[PDB]
Amino acid sequence: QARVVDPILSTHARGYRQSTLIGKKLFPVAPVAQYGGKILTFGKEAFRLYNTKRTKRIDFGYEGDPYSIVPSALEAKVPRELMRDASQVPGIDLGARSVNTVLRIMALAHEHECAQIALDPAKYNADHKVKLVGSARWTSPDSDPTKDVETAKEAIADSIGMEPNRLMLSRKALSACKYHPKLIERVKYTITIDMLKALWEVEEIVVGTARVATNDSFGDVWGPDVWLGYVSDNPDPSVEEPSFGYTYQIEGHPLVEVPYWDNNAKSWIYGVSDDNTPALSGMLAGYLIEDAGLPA
Amino acid sequence: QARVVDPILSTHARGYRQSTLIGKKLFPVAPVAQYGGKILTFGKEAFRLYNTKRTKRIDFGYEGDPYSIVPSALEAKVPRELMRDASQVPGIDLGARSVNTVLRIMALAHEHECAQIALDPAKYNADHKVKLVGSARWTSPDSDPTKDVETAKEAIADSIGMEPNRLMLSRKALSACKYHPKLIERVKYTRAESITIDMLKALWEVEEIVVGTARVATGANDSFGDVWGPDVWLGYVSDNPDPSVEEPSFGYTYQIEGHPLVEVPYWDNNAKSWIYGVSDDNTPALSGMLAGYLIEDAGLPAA
Amino acid sequence: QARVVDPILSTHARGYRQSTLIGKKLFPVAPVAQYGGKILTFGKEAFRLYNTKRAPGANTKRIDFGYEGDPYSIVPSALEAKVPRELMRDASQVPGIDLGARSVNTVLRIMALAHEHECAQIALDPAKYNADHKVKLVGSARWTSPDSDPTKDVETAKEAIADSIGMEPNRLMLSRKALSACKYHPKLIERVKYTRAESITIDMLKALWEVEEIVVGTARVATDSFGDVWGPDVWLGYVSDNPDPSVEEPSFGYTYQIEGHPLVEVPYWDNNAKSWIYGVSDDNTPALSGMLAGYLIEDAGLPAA
Amino acid sequence: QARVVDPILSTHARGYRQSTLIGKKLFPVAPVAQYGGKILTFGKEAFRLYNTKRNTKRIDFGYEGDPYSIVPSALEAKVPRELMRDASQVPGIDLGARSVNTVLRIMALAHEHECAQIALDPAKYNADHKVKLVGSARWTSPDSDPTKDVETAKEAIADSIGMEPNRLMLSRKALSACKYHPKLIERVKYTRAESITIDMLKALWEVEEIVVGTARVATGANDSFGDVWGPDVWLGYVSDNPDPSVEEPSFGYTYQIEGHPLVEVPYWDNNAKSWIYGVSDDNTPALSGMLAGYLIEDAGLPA
Amino acid sequence: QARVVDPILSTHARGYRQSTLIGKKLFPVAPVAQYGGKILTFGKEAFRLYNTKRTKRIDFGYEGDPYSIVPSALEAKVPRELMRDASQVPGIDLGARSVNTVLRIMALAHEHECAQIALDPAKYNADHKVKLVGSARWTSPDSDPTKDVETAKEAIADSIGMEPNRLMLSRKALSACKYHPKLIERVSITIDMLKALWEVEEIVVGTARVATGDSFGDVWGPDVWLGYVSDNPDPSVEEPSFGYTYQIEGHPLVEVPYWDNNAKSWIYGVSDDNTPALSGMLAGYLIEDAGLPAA
Amino acid sequence: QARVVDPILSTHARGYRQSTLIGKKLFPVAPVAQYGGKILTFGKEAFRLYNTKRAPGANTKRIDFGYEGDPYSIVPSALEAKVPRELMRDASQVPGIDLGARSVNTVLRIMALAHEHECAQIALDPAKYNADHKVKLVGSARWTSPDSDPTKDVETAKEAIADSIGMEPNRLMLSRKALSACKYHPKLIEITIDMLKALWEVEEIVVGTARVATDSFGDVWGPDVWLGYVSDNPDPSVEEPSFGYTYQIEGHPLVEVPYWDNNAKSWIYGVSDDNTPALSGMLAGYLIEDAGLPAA
Ligand SMILES: [Cl-]
């Protein structure tokens, strides 16, 4: 059964944005109906058909690995202490604020899950990954980031007939680019992501900045890696369209329920659901460069 | 016999854009009613009349080669697996996605059809085309892209009395420019930071530069081919925001009035899907050869 | 007798733009009611009065600036837009606005080009200027010669006007040929050397010559060859920047245009032509009202030798 | 007695702009109700209080100073019958608006002049808030130092009112001198600017806005035109408040009757054979805070 | 030429109603543009053609007698005493009430003008009028109002091929009907019962009185009148009917106010230029002196 | 000084009706600006001019009818509507329109009752009428007697008014007592309001039913009968010839924004409806005293 949805707070939830989180630039949010099923997967044949000049009906992918969206609703909370009159249902401003707290938790879970998939070398074939060792690492002046990125572009482009349009630089890999002689060179006759965009001719560069707690210690969610891929720019993402990946999301989510009063907690409680799972759909549309930002 | 059209999805269809595809920049979409007929063609005399200071009624151009629009409707599909309750007609969000799949297929077909016409040297007279060989190719440092483009501009401007306003660089031709030593040394004298299409626009004094990036599957193996080849093309394409096949210009996508159209869905019990018929019947047509100029093989290796 | 106007297509006609035609930049469109009359003319006194501070203690409430000068005549020149039946699935019905709008554009372009030519015909006519408001460049004084001094010619033009009317000219018209002559003119190139630059652009010329707006005369007309509408000339003027142009306000010139034009009439079916026909009216005439606000530099763009 | 107001033409009048006139940049328009009264004046204490951190719930800064007088100075906009197809009918908003613009311009130029008469009068400034440049100190001399003059002006204001000036007025002649000034020409020599611009001077002199006094008005009997803003330079703190109030500390305000400009419904004058619209815009510029201003006389005169 | 019209007050002016005045029930207001001209007149042939089954354009009347619309604008006035602040233009409510006063004056003049035309026996042929004398008068118990009314009905119906749809009873005639033994037998005697009894669509009562040379007189006299008056909700002077009030298109108009410093009042000019015209005599029938004493 | 007005409650106040109160049928509410002034009075000449025909386009362009007569004085008599906190769940907030309107209705009825009484004080004062415009029924002339003739008394009244102003009176006021006397009067029989309307030919009959405690109560309209010409104008104006008007300050009734009274523990709305009934045209009225009193 559906819960009673608060449409104003649900609309607010849908407009929630976290600009420094980049998971959705690799795994765009696309609607599905089933909590369990199979990832519609795009191999060499799917990308080839996708870009074959054109049988009135069109399917590109095949049923691949199973997926599982785990129901993971949380409860937003407006404590009575923030209200003049706690006997009444909270206003939309307090309700919305409480909801942003849970959406941010769900946003950070999502980011981490996106990183765990895109940066898993086990997902890629030999031609779509490298692991930089010693002086090949971007922290060494003897390395060649541009060569590494051009190899990455050719691999994808040759596999799927399209140029990759997203490059993810981890915080560490970007830092390295900022000290690299072969990249500093370019600054003299012009370091920013915009410079690297033009240099490497990739539509969009995203930086993996998010960190996560791992006693007094934080770890980079996106590691020391660099990743490139073709991610559909469709403003209406569809799990059926050939692309590197999608966030499989239950249609209509995020949803915020009408609040109920919890007398133990002395709070108004809003159920918030945003049931989703990132899924790697088209491996040949991705390329992983491990350990670029580690010390040489 | 017409179909029951879905106005909301048809409106959505009319707003679909594929910004990396450039065929519509050489062949703007203009409305026609007849599926077969003759291309309204613009020769030397049509362009001369067009630009003659002035009959209460105005006609340019003549009935030229035949055109044929092939009815090519596809069927968008929403599978029941993507619906919580498939017994109901799908919502606009799911129907819209299904429609986009078929519009993209049509968009790529259109792209290829445009290239097949614009880049056919048999469509141009000798003064409106060149074929670059060896060190004349833009991949050679001895080549002169700027001179090739100026010659192109002059040929068209001299023929129709208007400056060409659209320059098509294939991906390979653009890459050559980016490594060309003569062009690289122009950058310091501009506010550009590198060889971008914005700088080349200013350097060559052409209103708009479009890059032919599309690739399609070719052969029975694993290869993809550049839709726009290694070529460069320049032309006068009307900037009219309401394109009309009757107005002198290089070319048009002759398109059935009202298209694209999306029909209301029907349930297909064998496919277990809701099906939306999608129509966008059109054909690119070259109307004004003198408004175009083809530079073949610019982006191929010098040796 | 009025016609039955189609308000939607009339609104569409009023939004019609031709960005490369510059005639309206010298002769802004301003409404009149009469097809025949006298051009409201602005001489030295008019411009002086225009920039005279209101007299304290005066009881006068109203002000005119110009005088009735030379006659003008707007020739009724309505054309007929046509939507052929072959463009329609069902020609028995009135065409949709998309087809009607397109048919109207055709005739508006014809009118636009005729306007362009009439503007050039007036502004570039040396007979309309007094000797202090024109020059004719000969030989090495022509801008195609490295020995010429475009900057000096233009500063002389600016001074002539500003001294006459007490305002800086704000419009500079460079013909295509005169602009070409400037692109690599050695004096101009040397002047911008320190900025790291190898050719001259409009924006550079605006800053160098301190003119609000530079417009380029690019239009050509068939003469098997084409002639430049704006010839090899350069022109400077004070053209009012008023967003609601008025024939009564001191300025170099105006396009006297019947109020409400352009108008598009409801279509009729023409069985002979097998077409729906929309009458289109845009009755106008460019008029030079203020010679002292203009300056003509003839032959700047002609070869020196 | 009130006159019957035309609200559409009144709204039009309120939107009227003259971008090359700068008086309102020194004397922003602020509403009053009384045609005569005392200028609400801001001395050193006023500005101290204005920026002092907080038994009085109410806030007042100024004191009653010299009298002001707004002189009723309505004009009549005129639409002649020759401009109308049918003069028996009240003119359309397009003809009425145009006729109104004519009188608003007249009132705009008068205002511009009155502003200059106040702001540029050295008798209104104490010794620390003015300078008169003579000989080689003038900005036309290569031996002068505009930057030093401008910094001295800034410091004088900042030390008086605790705030930096945010407006710098360069007369036409002073700006021209700056373009030919060897100290400044050297600064442009390091950039890619073709000329010395007000944007560079803003950054160089660190003033929020530079406004240029270009307006000229007929002078004497013959053919002369004089610069409204003379050869001078002026600096000041002028309130940026998008809804200006005469009670708020500022160098100056244009005291203006509430609701003005107002356009009246027209009447037909059978003598003039015209439709007549009464236009009222009763105002007077007022110097409210001399300590927030600074006058540099004769900067643009020959050395 | 024109003044500035106040559209709000002009709109108010056009909705002005005086329900006890009946002139517009005989002479419906129809628009014209000319202040002088000829009355589009409907004779026997006009009414025949009007009701003939049926080259592409339709006209029925002939140019008859001249008419003249006399410009007769008045000035509505709001005195300063009625305002808290008379320096300001008056509110719409004050303005509107000042205008109602001039409209009533014009309404009473129109009422008299209508009666002057409709009740003039010189304007009817012998078959379209009667003069009741002695015991034929409705004040007499020996009179027969029903016979008089049926005779009137037949006269019009046989002339124009349509039943008359308006009966004007003067106050005096109505009073006589209320006392008449024949009508009393058919029963209170009201207009609704006489409507059904005489089978006329609408009965209107002429109650208006005006000042006379030093008392008052009934505008509609002691008379009774019947006619065919077009029920058209958009009256047109070209449509066969008994009469029309020829009125300048767009009237009544209220002008924007001006301040009169001599009167110390705001003045609104009010125009409602019109004239009643009898266009179709065969569509009317006059019964004179019904309501006068038998002796 | 003006007060801050509540426009919603002021509009509500303007729609207030007391259908059993008839004072406004004799003294229609008409706007004035001055609290003190002179009554615009209509004598024989005013009514004569009012029904004089003005031909188009005669010399006179402006139309006045009355003369300045007796002084009038409107006494400022604002009251305070009250919403007590006991009627509110949360008294800390401004009351809703439902509670405010109810509080305002209370004060408007008080004002309505005072008006009714003032109207009767003026209309039923025989000292305000000339001898041709009044009668005092004594003994068997009283309508309580079977020997009386109500119809003759009413026709006499109609003729006196019509003869004086050239218009028939359109209002007849029957006191409760006089109406009761009519219902079983034998001459009338050989009775309802609609019956008497038709019988006596008067446009509208109004019945004076209001009472006041004086453990007894007094009829506001006494045992009297009154007749008059009262303007039917839907926008009454004090400048238009008529028997009477209620001179009322323009804009009234007005309700002010509420204020919290901490001593009364109530929200208070100032309500103002400053008015005074005024007899402007005596010749347009006629008084029949003592019609409904016992014959013995
Ligand atoms: Cl680029």
# chains A, B, ... in the order shown; residues from 1 in each chain; ligands from 1
call {"tool": "residues_near_ligand", "arguments": {"ligand": "ligand 1", "cutoff": "8 Å", "atoms": "only C-alpha atoms and all ligand atoms", "output": "PyMOL selection string"}}
result
(chain A and resi 198) or (chain B and resi 195-198)
call {"tool": "interface_residues", "arguments": {"of": "chain F", "to": "chain E", "cutoff": "6 Å", "atoms": "only C-alpha atoms", "output": "MDAnalysis selection string"}}
result
chainID F and resid 32:33 51:53 56:57 61:62 166
call {"tool": "interface_residues", "arguments": {"of": "chain A", "to": "chain B", "cutoff": "6 Å", "atoms": "only C-alpha atoms", "output": "list in words"}}
result
residues 32, 33, 51, 52, 53, 56, 57, 161 and 190 of chain A
call {"tool": "closest_residue", "arguments": {"among": "B:146, B:159, B:295, B:165", "to": "residue B:180", "atoms": "only C-alpha atoms"}}
result
B:146
call {"tool": "closest_atom_pairs", "arguments": {"of": "chain D", "to": "chain E", "cutoff": "8 Å", "atoms": "only C-alpha atoms", "output": "JSON lines"}}
result
{"residue": "D:1", "atom": "CA", "partner": "E:87", "partner_atom": "CA", "distance": 4.3}
{"residue": "D:2", "atom": "CA", "partner": "E:88", "partner_atom": "CA", "distance": 5.1}
{"residue": "D:3", "atom": "CA", "partner": "E:89", "partner_atom": "CA", "distance": 7.2}
{"residue": "D:4", "atom": "CA", "partner": "E:89", "partner_atom": "CA", "distance": 6.7}
{"residue": "D:87", "atom": "CA", "partner": "E:1", "partner_atom": "CA", "distance": 7.5}
{"residue": "D:88", "atom": "CA", "partner": "E:1", "partner_atom": "CA", "distance": 4.2}
{"residue": "D:89", "atom": "CA", "partner": "E:2", "partner_atom": "CA", "distance": 6.1}
{"residue": "D:90", "atom": "CA", "partner": "E:4", "partner_atom": "CA", "distance": 6.9}
{"residue": "D:265", "atom": "CA", "partner": "E:4", "partner_atom": "CA", "distance": 7.4}
{"residue": "D:266", "atom": "CA", "partner": "E:4", "partner_atom": "CA", "distance": 7.1}
{"residue": "D:267", "atom": "CA", "partner": "E:3", "partner_atom": "CA", "distance": 6.9}
{"residue": "D:268", "atom": "CA", "partner": "E:3", "partner_atom": "CA", "distance": 7.3}
call {"tool": "atom_distance", "arguments": {"atom1": "atom CA of residue A:156", "atom2": "atom CA of residue A:234"}}
result
18.8 Å
call {"tool": "residues_around", "arguments": {"residues": "residue B:287", "least_positions_apart": "6", "cutoff": "7 Å", "atoms": "only C-alpha atoms", "output": "VMD selection string"}}
result
chain B and resid 39 to 42 249 to 251
call {"tool": "interface_residues", "arguments": {"of": "chain C", "to": "chain D", "cutoff": "6 Å", "atoms": "only C-alpha atoms", "output": "MDAnalysis selection string"}}
result
chainID C and resid 32:33 51:53 61:62 192 195
call {"tool": "select_by_dssp", "arguments": {"residues": "stretch 15-195 of chain D", "states": "strand (DSSP E)", "output": "PyMOL selection string"}}
result
chain D and resi 29-32+36-41+63-69+75-80+130-132+167-171
call {"tool": "residues_around", "arguments": {"residues": "residue A:84", "least_positions_apart": "6", "cutoff": "12 Å", "atoms": "only C-alpha atoms", "output": "MDAnalysis selection string"}}
result
(chainID A and resid 78 90:91 94) or (chainID F and resid 90 92:93)
call {"tool": "atom_distance", "arguments": {"atom1": "atom CA of residue F:277", "atom2": "atom CA of residue F:118"}}
result
6.8 Å
call {"tool": "residues_around", "arguments": {"residues": "residue C:120", "least_positions_apart": "3", "cutoff": "9 Å", "atoms": "only C-alpha atoms", "output": "ChimeraX atom specification"}}
result
/C:23,115-117,123-125,229-231
call {"tool": "write_last_selection", "arguments": {"atoms": "C-alpha atoms", "output": "short mmCIF file (atom, residue, chain, number, x, y, z; two decimals), in the first residue's frame"}}
result
data_model
loop_
_atom_site.label_atom_id
_atom_site.label_comp_id
_atom_site.auth_asym_id
_atom_site.auth_seq_id
_atom_site.Cartn_x
_atom_site.Cartn_y
_atom_site.Cartn_z
CA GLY C 23 18.72 51.43 -43.19
CA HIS C 115 13.78 50.36 -48.02
CA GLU C 116 17.48 49.59 -47.72
CA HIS C 117 18.08 50.94 -51.21
CA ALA C 123 22.14 59.24 -47.03
CA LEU C 124 24.91 58.77 -49.62
CA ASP C 125 23.74 61.57 -51.91
CA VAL C 229 23.87 49.14 -51.79
CA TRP C 230 26.09 51.30 -49.49
CA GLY C 231 28.74 51.73 -52.18
#
call {"tool": "closest_atom_pairs", "arguments": {"of": "chain A", "to": "chain F", "cutoff": "12 Å", "atoms": "only C-alpha atoms", "output": "tab-separated table"}}
result
residue	atom	partner	partner_atom	distance
A:84	CA	F:92	CA	10.8
A:85	CA	F:90	CA	9.4
A:87	CA	F:90	CA	10.5
A:88	CA	F:90	CA	10.8
call {"tool": "write_last_selection", "arguments": {"atoms": "N, CA and C atoms", "output": "PDB file, in the first residue's frame"}}
result
ATOM      1  N   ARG A  84       6.356  27.281  17.925  1.00  0.00           N
ATOM      2  CA  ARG A  84       5.661  28.155  18.865  1.00  0.00           C
ATOM      3  C   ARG A  84       4.478  27.397  19.446  1.00  0.00           C
ATOM      4  N   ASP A  85       3.786  26.684  18.562  1.00  0.00           N
ATOM      5  CA  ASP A  85       2.617  25.901  18.925  1.00  0.00           C
ATOM      6  C   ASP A  85       2.737  24.499  18.312  1.00  0.00           C
ATOM      7  N   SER A  87       1.114  21.895  18.999  1.00  0.00           N
ATOM      8  CA  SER A  87      -0.179  21.206  18.868  1.00  0.00           C
ATOM      9  C   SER A  87      -0.661  21.190  17.429  1.00  0.00           C
ATOM     10  N   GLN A  88      -0.153  22.104  16.613  1.00  0.00           N
ATOM     11  CA  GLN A  88      -0.526  22.169  15.208  1.00  0.00           C
ATOM     12  C   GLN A  88       0.532  21.546  14.300  1.00  0.00           C
TER      13      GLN A  88
END
call {"tool": "residues_around", "arguments": {"residues": "residue D:45", "least_positions_apart": "6", "cutoff": "10 Å", "atoms": "only C-alpha atoms", "output": "list in words"}}
result
residues 61, 62, 63, 160 and 161 of chain D
call {"tool": "write_last_selection", "arguments": {"atoms": "N, CA and C atoms", "output": "compact mmCIF listing (two decimals), in the first residue's frame"}}
result
# COMPACT_ATOMS: atom_id res chain seq x y z
N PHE D 61 18.52 61.18 11.65
CA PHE D 61 19.91 61.51 11.45
C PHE D 61 20.21 62.98 11.15
N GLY D 62 19.38 63.61 10.32
CA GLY D 62 19.65 64.96 9.85
C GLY D 62 19.06 66.08 10.68
N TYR D 63 19.30 67.31 10.24
CA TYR D 63 18.73 68.52 10.84
C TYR D 63 18.16 69.41 9.73
N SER D 160 35.67 62.35 6.69
CA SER D 160 34.51 63.15 7.14
C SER D 160 33.27 62.34 7.54
N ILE D 161 32.96 61.31 6.77
CA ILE D 161 31.72 60.55 6.95
C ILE D 161 31.90 59.07 7.27
call {"tool": "atom_distance", "arguments": {"atom1": "atom CA of residue D:16", "atom2": "atom CA of residue D:261"}}
result
9.6 Å
call {"tool": "decode", "arguments": {"residues": "stretch 101-112 of chain E", "atoms": "N, CA, C and O atoms", "output": "short mmCIF file (atom, residue, chain, number, x, y, z; two decimals), in the first residue's frame"}}
result
data_model
loop_
_atom_site.label_atom_id
_atom_site.label_comp_id
_atom_site.auth_asym_id
_atom_site.auth_seq_id
_atom_site.Cartn_x
_atom_site.Cartn_y
_atom_site.Cartn_z
N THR E 101 -28.75 62.23 -11.64
CA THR E 101 -29.60 63.42 -11.65
C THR E 101 -29.86 63.99 -13.03
O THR E 101 -30.99 64.35 -13.33
N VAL E 102 -28.83 64.12 -13.86
CA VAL E 102 -29.05 64.64 -15.22
C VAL E 102 -29.76 63.62 -16.11
O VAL E 102 -30.55 63.99 -16.96
N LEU E 103 -29.50 62.34 -15.88
CA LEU E 103 -30.12 61.26 -16.64
C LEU E 103 -31.62 61.21 -16.39
O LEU E 103 -32.41 60.94 -17.32
N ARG E 104 -32.03 61.49 -15.16
CA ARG E 104 -33.47 61.50 -14.85
C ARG E 104 -34.16 62.63 -15.60
O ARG E 104 -35.24 62.44 -16.17
N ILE E 105 -33.52 63.79 -15.62
CA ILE E 105 -34.04 64.93 -16.38
C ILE E 105 -34.23 64.57 -17.87
O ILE E 105 -35.27 64.87 -18.47
N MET E 106 -33.23 63.90 -18.44
CA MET E 106 -33.28 63.48 -19.86
C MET E 106 -34.32 62.39 -20.08
O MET E 106 -34.97 62.32 -21.15
N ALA E 107 -34.47 61.53 -19.08
CA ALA E 107 -35.44 60.45 -19.09
C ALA E 107 -36.86 61.02 -19.09
O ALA E 107 -37.74 60.56 -19.84
N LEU E 108 -37.11 62.04 -18.28
CA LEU E 108 -38.46 62.63 -18.22
C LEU E 108 -38.77 63.38 -19.52
O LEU E 108 -39.89 63.34 -20.03
N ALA E 109 -37.77 64.05 -20.08
CA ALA E 109 -37.97 64.74 -21.38
C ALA E 109 -38.31 63.76 -22.50
O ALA E 109 -39.15 64.05 -23.36
N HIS E 110 -37.62 62.62 -22.52
CA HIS E 110 -37.81 61.52 -23.49
C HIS E 110 -39.23 60.99 -23.31
O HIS E 110 -39.94 60.84 -24.27
N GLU E 111 -39.65 60.78 -22.07
CA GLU E 111 -41.00 60.27 -21.79
C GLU E 111 -42.07 61.17 -22.40
O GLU E 111 -42.99 60.68 -23.05
N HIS E 112 -41.95 62.48 -22.19
CA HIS E 112 -42.89 63.46 -22.73
C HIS E 112 -42.87 63.48 -24.28
O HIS E 112 -43.93 63.47 -24.96
#
